[PDB]
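Written below as structure tokens is the structure these notes are about.
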Amino acid sequence: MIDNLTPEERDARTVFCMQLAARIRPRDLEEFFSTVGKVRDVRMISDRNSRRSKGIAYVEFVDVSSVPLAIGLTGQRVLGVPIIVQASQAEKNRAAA
RNA sequence: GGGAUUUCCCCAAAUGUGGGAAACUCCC
């Protein structure tokens, strides 16, 4: 657990993930992120606005110490499809990868 | 004949939920 969080890193506890399947469970990302720490919850979505077509979700970790590892393994596969991880806010700074 | 898994397309074209369509494997 972080000893000195701020309302700026508080939002980083939530990462945005994309290229997810159209029906993958929120549960299937938690057992996957179990390799980068421990996760609090997941939020699947069905809005497209892009070629991923309902293929996105959000993931919230119980601690920030899981955040930098969750973004580092990015590009792994789950339930038959590749998945990406970006912090919701640093999504644009992480797009340089 | 029924049930389970993923995929693709349109408005805009990568975010907290529009709609439609396609394929494989598995179970009864």
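Each value in this text was obtained by applying a stated rule to the coordinates, not by laboratory testing. Positions of Cβ are generated from backbone atoms using ideal geometry, with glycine treated the same way; all protein chains shown enter the neighbour counts.
Given (1) within 17 Å of A:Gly37 (Cβ to Cβ); (2) buried (at least 20 other Cβ atoms within 10 Å of the Cβ); (3) of a type outside the set (S, T, N, Q), identify the lone condition not met by A:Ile56.
Of everything listed in (1) within 17 Å of A:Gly37 (Cβ to Cβ); (2) buried (at least 20 other Cβ atoms within 10 Å of the Cβ); (3) of a type outside the set (S, T, N, Q), A:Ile56 misses just condition (1).
Need pairs with beta-carbon distance below 6 Å; first residue farther than 14 Å from A:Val36 by Cβ and more than 9 Å from RNA strand B (Cβ to nearest atom) and within segment A:73-90, second part of a strand (DSSP E or B) and of a type in the set (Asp, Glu); sequence gap 6+ or separate chains.
none
Would it be correct to say that A:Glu30 is out of contact with any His (no Cβ under 7 Å at 6 or more places or on another chain), part of a strand (DSSP E or B) and surrounded by 13 or more Cβ atoms within 10 Å (Cβ to Cβ)? It would help to see each step written out before you state the result.
On the way: out of contact with any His (no Cβ under 7 Å at 6 or more places or on another chain): yes; part of a strand (DSSP E or B): no; surrounded by 13 or more Cβ atoms within 10 Å (Cβ to Cβ): yes.
Here the answer is no, as A:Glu30 does not meet what is asked.
Going through A:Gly37, A:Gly55, A:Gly80 one at a time, which residue ends up being more than 12 Å from the chain's Cα centre (by Cα) and closer than 10 Å to A:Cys17 by Cβ?
Details: A:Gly37 fails: closer than 10 Å to A:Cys17 by Cβ; A:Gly80 fails: closer than 10 Å to A:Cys17 by Cβ.
Of A:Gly37, A:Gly55, A:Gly80, the one residue that is more than 12 Å from the chain's Cα centre (by Cα) and closer than 10 Å to A:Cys17 by Cβ is A:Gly55.
Can you tell me how many residues within segment A:56-97 are out of contact with any helix residue (DSSP H, G or I) (no Cβ under 8 Å at 6 or more places or on another chain), within 15 Å of A:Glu9 (Cα to Cα) and hydroxyl-bearing (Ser, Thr, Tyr)?
Residues flagged as out of contact with any helix residue (DSSP H, G or I) (no Cβ under 8 Å at 6 or more places or on another chain), within 15 Å of A:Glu9 (Cα to Cα) and hydroxyl-bearing (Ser, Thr, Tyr) within segment A:56-97 amount to 1.
Residue check: is A:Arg43 outside any loop (DSSP other than H, G, I, E, B), surrounded by 13 or more Cβ atoms within 10 Å (Cβ to Cβ) and touching a residue at least 12 places away in the same chain (Cβ under 8 Å)?
Working: outside any loop (DSSP other than H, G, I, E, B): yes; surrounded by 13 or more Cβ atoms within 10 Å (Cβ to Cβ): yes; touching a residue at least 12 places away in the same chain (Cβ under 8 Å): yes.
Answer is yes for this residue.
Of the residues A:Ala70, A:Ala96, which is surrounded by fewer than 18 Cβ atoms within 10 Å (Cβ to Cβ), hydrophobic (A, V, I, L, M, F, W, C) and without any contact (Cβ under 8 Å) to a residue 60 or more places away in the chain?
Within the list A:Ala70, A:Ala96, the selection yields A:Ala96.
Hey, could you check segment A:46-69 for residues that are over 13 Å from A:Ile84 (Cα atoms) and in a strand (DSSP E or B) and say which is farthest from RNA strand B (Cβ to nearest atom)?
Initially, segment A:46-69 is screened for residues over 13 Å from A:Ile84 (Cα atoms), giving A:46-51, A:53-54, A:60-68.
Checking the rest, the ones that are also in a strand (DSSP E or B) come to A:60-61.
Values: A:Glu60: 9, A:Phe61: 14 Å.
Looking at the filtered set, the residue picked out is A:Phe61.
If a residue must be among the hydroxyl-bearing types (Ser, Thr, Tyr) and either in a loop (DSSP other than H, G, I, E, B) or more than 12 Å from A:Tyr58 (Cα to Cα) (or both), how many such residues does segment A:1-25 contain? Give the derivation first.
Residues of segment A:1-25 that are among the hydroxyl-bearing types (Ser, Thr, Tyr), as a first pass: A:6, A:14.
Checking the rest, the ones that are also either in a loop (DSSP other than H, G, I, E, B) or more than 12 Å from A:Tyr58 (Cα to Cα) (or both) come to A:6.
Counting residues in segment A:1-25 that are among the hydroxyl-bearing types (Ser, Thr, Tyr) and either in a loop (DSSP other than H, G, I, E, B) or more than 12 Å from A:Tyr58 (Cα to Cα) (or both) gives 1.
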